[PDB]
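Heads up: the structure comes next, in structure tokens.
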Number of protein chains: 6
Amino acid sequence: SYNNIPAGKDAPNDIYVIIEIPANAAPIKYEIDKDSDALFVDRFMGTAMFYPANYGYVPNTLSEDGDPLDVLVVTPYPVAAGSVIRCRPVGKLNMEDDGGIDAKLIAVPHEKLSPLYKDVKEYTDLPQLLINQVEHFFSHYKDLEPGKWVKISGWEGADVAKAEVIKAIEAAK
Amino acid sequence: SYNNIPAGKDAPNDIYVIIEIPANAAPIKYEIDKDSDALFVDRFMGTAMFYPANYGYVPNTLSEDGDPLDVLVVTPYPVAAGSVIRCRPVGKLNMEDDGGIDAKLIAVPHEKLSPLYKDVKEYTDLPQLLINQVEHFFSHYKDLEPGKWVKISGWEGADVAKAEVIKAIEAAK
Amino acid sequence: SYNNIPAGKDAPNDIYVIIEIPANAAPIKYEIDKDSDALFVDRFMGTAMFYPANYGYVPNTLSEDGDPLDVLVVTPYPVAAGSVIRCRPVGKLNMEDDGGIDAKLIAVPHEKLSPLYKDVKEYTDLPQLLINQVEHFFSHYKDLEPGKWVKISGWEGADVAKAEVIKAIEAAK
Amino acid sequence: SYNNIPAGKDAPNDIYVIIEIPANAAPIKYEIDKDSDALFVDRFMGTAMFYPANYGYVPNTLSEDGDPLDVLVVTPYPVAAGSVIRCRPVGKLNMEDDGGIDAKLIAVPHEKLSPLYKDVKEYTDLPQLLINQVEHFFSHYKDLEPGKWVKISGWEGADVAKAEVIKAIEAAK
Amino acid sequence: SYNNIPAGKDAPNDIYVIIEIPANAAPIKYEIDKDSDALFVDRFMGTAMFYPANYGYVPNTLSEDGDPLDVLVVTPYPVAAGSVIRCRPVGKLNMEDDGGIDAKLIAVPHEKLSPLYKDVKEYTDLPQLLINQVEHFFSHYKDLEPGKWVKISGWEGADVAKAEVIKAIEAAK
Amino acid sequence: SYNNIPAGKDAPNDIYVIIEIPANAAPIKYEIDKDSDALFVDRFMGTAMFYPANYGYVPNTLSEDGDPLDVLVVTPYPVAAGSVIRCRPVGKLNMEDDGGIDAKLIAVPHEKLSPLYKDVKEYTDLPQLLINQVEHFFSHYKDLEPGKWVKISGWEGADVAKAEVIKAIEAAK
Ligand SMILES: [Mg+2]
Ligand SMILES: [Mg+2]
Ligand SMILES: [Mg+2]
Ligand SMILES: [Mg+2]
Ligand SMILES: [Mg+2]
Ligand SMILES: [Mg+2]
Ligand SMILES: [Mg+2]
Ligand SMILES: [Mg+2]
Ligand SMILES: [Mg+2]
Ligand SMILES: [Mg+2]
Ligand SMILES: [Mg+2]
Ligand SMILES: [Mg+2]
Ligand SMILES: [Mg+2]
Ligand SMILES: [Mg+2]
Ligand SMILES: [Mg+2]
Ligand SMILES: [Mg+2]
Ligand SMILES: [Mg+2]
Ligand SMILES: [Mg+2]
């Protein structure tokens, strides 16, 4: 089971993320079911948009909304829905939506998976266009869903992101 | 496990379908294995055809052939093999094949997944070309497999389709 | 050459559209070069969005921005960049950008190409979600290019769309 | 222009084919317009089928239906619509539709393009399932367009295929 | 679980292979996790190459490196990562890498899945180009990974391949 | 026609490149025919490799092999075969094959097309893994075509790349 995946091999610097939606995919919003470990279609998205990075969660974590910690993972090629990426957090995008405070971490693959990100220490080391694409996507992807809305607060750095990982791992027990 | 997925949140009007073959996919006929929950390649299809809608089954049901209830689900984008769609049945295509009586339900996504189908109450509310494509596909997709054949009987409406859902759920126990 | 293609077989009710950007495609804004007839990359789009319908122009027409008349064509499957679709206008989206006023027609394939659009005579006969997606796309796709803005004025019907074809055809003479 | 391309470097044994519809593609029936050289959408195909091989024509030939000679080209990977393949005929599928008699050649890439077809000298040297798929495709792909019918007469060998090339080349003079 | 899949319905002539990497896929090297049954991204491959055949392993086997028996499966269309193919071994490619002796079997689908391979009894019955592509891929796919290397020994036939299947099945207990 | 396209808007710093083979594409080596302007299949590549960047040529240039100047263009998304990209050279890969000496430029999109390459002025400003992939690709892609060989001499900077553009432009006069 996915529950047999640890939150990471090494604390917050070295974590696992289970991908629910590949980057640059069809506008199908998948979510993994806790009981099933199965990929559920939560909705077909209203707007003509795609996730700018792979979107998933850290197994064995618990966030404020009761669900695992949300993470976007940047990769050189989109990964398969349901697959698991060893990665490293570099930032945190603060938002609020219809459901309350909702933050998304952003992460890059571990050095064992690729050398492309060795010099990416903070989200500000990612391309500025990609950061703006992530802000813009979350500001607008729910625009055509009645009863859903998003407000962007701002970004925080890698240390805060790792802080949220530790909090969510302990909240899981 | 897939067996931890109920046949639906609400009886026959609101059901879950596990997708084995996405719409418009490569001509690979996948089937989910009961013991494994794993996707098995049952065959590479002989004819140069594709499923006109996503093809799967309702978990926790039992049909006449001993297997779960077959369902085709219409969606705006093909969904991933192995994913689970909350949907609503609108019709039933009656057929017989080498194995005996074989009916396929047809369904559209629940209102929470998309607004595109709110006015689709009966299979006759779907495009006539799509209905004819479904009849034509099942009449011919086995034409190049020795020892396999299909005869189409005809279509029945949404109430009959929901009737078959209830029958298969009770047969599962 | 593309200039050999008339605006239509029959006036404004039966027109041809040369596609530049397929529906549901990667975020590459191609434009056909008037002289070479070759497909140029105008830009990689800044936002994580995709054209909700195929986008192109009517040959041998002239609009106010000095270019042929813009048209979105709804199709059951996205069509190749550079290919030509016989279609019929059903609506017009009014808007203006920084460059001035700018409208896009919306159209559907001629009945010889597909039976699926027989009952679509006005843009309001298309799914409401699609109309909303087209409007949302043009409102936001340029949000990440500095200085660019688009305000939506609203939709107009098929008669108005055909009027704009008549006008743009004569402007090309 | 496409008219600058000869029927072949060497007669009927070494020909060129301009591809209109790639193998394994979406069900869009493209046809190249004689005048503009542009790829037109002739129709969206009614049935849930795909061309089992790349489909196109030999430039500077003339058949009985007043159009260049039709040829299917088997390739290890589907080739782009509008591209040109140096190939060699190995068979001919005889049939007639409502429009009259109609035959398609089948061909394989010249040995300069791939070594994979060295031992394919007759269509019977291709996998039997492919030959059956081509026959099944042309028997059924038009089943959902009213009034259209196709009856298969049978296959003929490479010598007959080369005879039809010789003939169609002279008809174009 | 994948562990509920037998090594095959019938010994070494009729085996199951769980696919980790589809043929002709993105250069993402997936591996199934023993504890999770989940697909892990082991790395993004350095070189600009793709697996020439589907790559997976036989469930319920144990090889020298402690892992299940590696198998490449040739199919007419790439199969989904995580899916299971009933197949039949036809050869064995001997190699050594940074980790020690590493052999890969090669297999074709069982007759129930496709008729395309009935006459393929030995790996030498596969196209010579495909055999050379497999040798070339494994000789070079690690060229841009520091600390990884591969040396090709040579090929062995179907009987040796089935011999390795039996050895690995018994080693699993 | 493609001949109407100048080598660039501005000399060697601002050039156009006509793409023949998109990045990350199937292993089909297309070449544009000088006369017909049509995309020909030159060969199906023997090795299981793909071009790591889009590959094409500068119009209205002449190299030593009697063909226009070869250029690889790095883009955020692969671009369609036959399309034209406004770009800027940043490096040159020196090598020779059996045919003689042969160099490829590497280039990035003009800032009007994308902001992502502002700080890329020399090829050493691209990810090191990409530079290594390009070198590895050209060293090995022809390994399975008998008699063909390529030896890499090394990379040179942007000034040298622009020198080769100046030279090839005058050779075309
Ligand atoms: Mg989440
Ligand atoms: Mg959340
Ligand atoms: Mg949210
Ligand atoms: Mg079934
Ligand atoms: Mg059944
Ligand atoms: Mg059946
Ligand atoms: Mg325009
Ligand atoms: Mg315009
Ligand atoms: Mg505009
Ligand atoms: Mg034809
Ligand atoms: Mg014809
Ligand atoms: Mg015909
Ligand atoms: Mg392995
Ligand atoms: Mg191994
Ligand atoms: Mg190894
Ligand atoms: Mg070249
Ligand atoms: Mg060259
Ligand atoms: Mg060369």
Side-chain angles (χ1 to χ4, degrees), chain D residues 1-20 22-23 32 34 37 53-64 67-80 82-94 103-117 119-126 134 155-163 165-173, chain E residues 127 129, chain F residues 20 28-46 65-67 98-99 142 145-148:
Chain D
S1 269
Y2 283 136
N3 205 66
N4 290 83
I5 303 153
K9 255 208 186 322
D10 187 25
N13 306 319
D14 187 351
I15 62 167
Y16 289 121
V17 171
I18 297 169
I19 296 303
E20 293 175 313
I32 288 185
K34 342 188 189 203
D37 268 7
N54 311 276
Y55 179 78
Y57 63 88
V58 184
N60 288 307
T61 64
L62 191 48
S63 265
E64 293 92 331
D67 272 329
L69 185 71
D70 303 331
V71 176
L72 300 131
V73 188
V74 183
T75 61
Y77 294 93
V79 308
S83 61
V84 183
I85 308 173
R86 188 188 185 184
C87 55
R88 141 178 82 80
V90 297
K92 185 225 286 205
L93 176 59
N94 268 117
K104 322 275 183 220
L105 308 197
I106 190 150
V108 295
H110 186 102
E111 78 213 338
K112 272 186 178 180
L113 274 59
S114 169
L116 291 167
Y117 304 94
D119 299 331
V120 182
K121 292 142 53 183
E122 299 282 337
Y123 76 98
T124 47
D125 295 314
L126 296 162
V134 169
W155 290 90
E156 303 185 312
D159 288 337
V160 175
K162 294 165 178 207
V165 170
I166 287 166
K167 175 179 183 38
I169 288 176
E170 291 300 319
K173 294 168 160 203
Chain E
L129 182 62
Chain F
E20 293 175 313
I28 305 170
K29 213 286 183 188
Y30 298 102
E31 297 183 356
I32 288 185
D33 179 38
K34 342 188 189 203
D35 308 330
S36 66
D37 268 7
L39 204 72
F40 280 51
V41 176
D42 187 71
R43 68 175 179 284
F44 300 88
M45 277 170 259
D65 73 334
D67 272 329
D98 40 290
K142 295 200 267 191
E145 299 112 29
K148 296 213 271 186

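Both backbone and side-chain heavy atoms feed into the values below; hydrogens, waters and symmetry mates do not. Lettering of chains follows the sequences in order, A, B, ..., and the numbering in each one begins at 1.
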Are D/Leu126 and D/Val108 packed together at the side-chain level, in the sense that at least one heavy-atom pair is separated by less than 4.5 angstrom? yes
According to side-chain contact (heavy atoms from CB on, under 4.5 Å), who are the partners of F/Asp98, at least two apart in sequence or on a separate chain? F/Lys148, F/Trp149
Give the intermediate values and the outcome of side chain to side chain contact (heavy atoms under 4.5 Å, CB included) for residues D/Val134 and D/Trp155. CA-CA 11 Å; D/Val134 169; D/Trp155 290 90; 3.9 Å; yes
Please confirm whether the backbone N or O of D/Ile32 pairs with a side-chain atom of D/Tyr2, one donor and one acceptor, at under 3.5 Å? no
Test side chain to side chain contact (heavy atoms under 4.5 Å, CB included) on D/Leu105 and D/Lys92 and set out the steps. CA-CA 4 Å; D/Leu105 308 197; D/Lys92 185 225 286 205; 3.5 Å; yes
Applying side-chain contact (heavy atoms from CB on, under 4.5 Å), can you list everything that pairs with D/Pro76, at least two apart in sequence or on another chain? D/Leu116, D/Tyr117, F/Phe44
For F/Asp67, all residues meeting salt bridge (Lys or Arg N to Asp or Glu O under 4.0 Å), sequence neighbours excluded: F/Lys34
Contacts of type ring-ring contact (aromatic ring centres under 6.0 Å, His included), residue D/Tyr16, not counting sequence neighbours: F/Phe40
Backbone N/O of D/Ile19 and side chain of D/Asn54: donor-acceptor pair under 3.5 Å: no
For D/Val17 and D/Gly56, the nearest pair of non-hydrogen atoms, with its separation, is CG1-C, 3.9 Å
With side chain to side chain contact (heavy atoms under 4.5 Å, CB included) as the criterion, how do D/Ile169 and D/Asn60 come out once you've worked through the C-alpha distance, each side chain's angles and the decisive distance to 0.1 Å? CA-CA 6 Å; D/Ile169 288 176; D/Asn60 288 307; over 6 Å; no
Side chain to side chain contact (heavy atoms under 4.5 Å, CB included) test vs D/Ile18 passes for just one of D/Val58, D/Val84, D/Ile85, D/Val71, namely D/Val84
Minimum heavy-atom distance between D/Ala80 and D/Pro22, given as atom pair plus value: C-CG, 4.4 Å
State the CE-CG distance between F/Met45 and D/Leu113, to the nearest 0.5 angstrom. 11.5 Å
So, taking the atom named CZ in D/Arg88 and the one named CD1 in D/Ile106, what distance separates them when rounded to the nearest 0.5 Å? 12.0 Å
Minimum-distance pair of heavy atoms, taken over all atoms of D/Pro89 and D/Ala161: CB-CB, 4.1 Å
If the condition is side-chain hydrogen bond (donor to acceptor under 3.5 Å, both in side chains), which residues does D/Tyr55 pass it with, not counting sequence neighbours? D/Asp70, D/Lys104
Check whether any side-chain heavy atom of D/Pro59 lies under 4.5 Å from a side-chain heavy atom of D/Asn3, and answer yes or no. no
Using salt bridge (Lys or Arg N to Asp or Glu O under 4.0 Å) as the criterion, list what pairs up with F/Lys29, not counting sequence neighbours. F/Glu31
Among all residues two or more places apart in sequence or in another chain, which pass the salt bridge (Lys or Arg N to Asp or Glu O under 4.0 Å) test with F/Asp33? none
List for me each residue that meets salt bridge (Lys or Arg N to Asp or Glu O under 4.0 Å) alongside D/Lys9, sequence neighbours excluded, and say none if there are none. none
Can you name the residues that form a side-chain hydrogen bond (donor to acceptor under 3.5 Å, both in side chains) with F/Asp65, not counting sequence neighbours? none
Note: D/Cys87 and D/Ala107 closest approach over all heavy atoms is SG-CB, 4.0 Å
Once side-chain hydrogen bond (donor to acceptor under 3.5 Å, both in side chains) is applied, do any residues pair with D/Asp14, and if so which ones, sequence neighbours excluded? D/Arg86
If the condition is side-chain hydrogen bond (donor to acceptor under 3.5 Å, both in side chains), which residues does D/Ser1 pass it with, not counting sequence neighbours? D/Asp37
pair D/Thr61-D/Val165: side-chain heavy atoms closer than 4.5 Å: no
For F/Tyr30 against D/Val79, the heavy-atom pair lying closest together: OH-CA, 3.5 Å
Say whether, by atom type as modelled, one donor and one acceptor occur between the side chain of D/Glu122 and the main chain of D/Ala158 under 3.5 angstrom. yes
Listed partners of D/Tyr57 passing ring-ring contact (aromatic ring centres under 6.0 Å, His included), at least two apart: none
Quick check for you: to the nearest 0.5 Å, what is the distance between F/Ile28 atom CD1 and D/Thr75 atom OG1? 6.5 Å
For the atom pair OG (D/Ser114) and CD (F/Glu145), what is the distance rounded to the nearest 0.5 Å? 10.5 Å
Identify the two heavy atoms, one from E/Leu129 and one from F/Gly46, that lie closest to each other, and give their separation to 0.1 Å. CD1-O, 3.9 Å
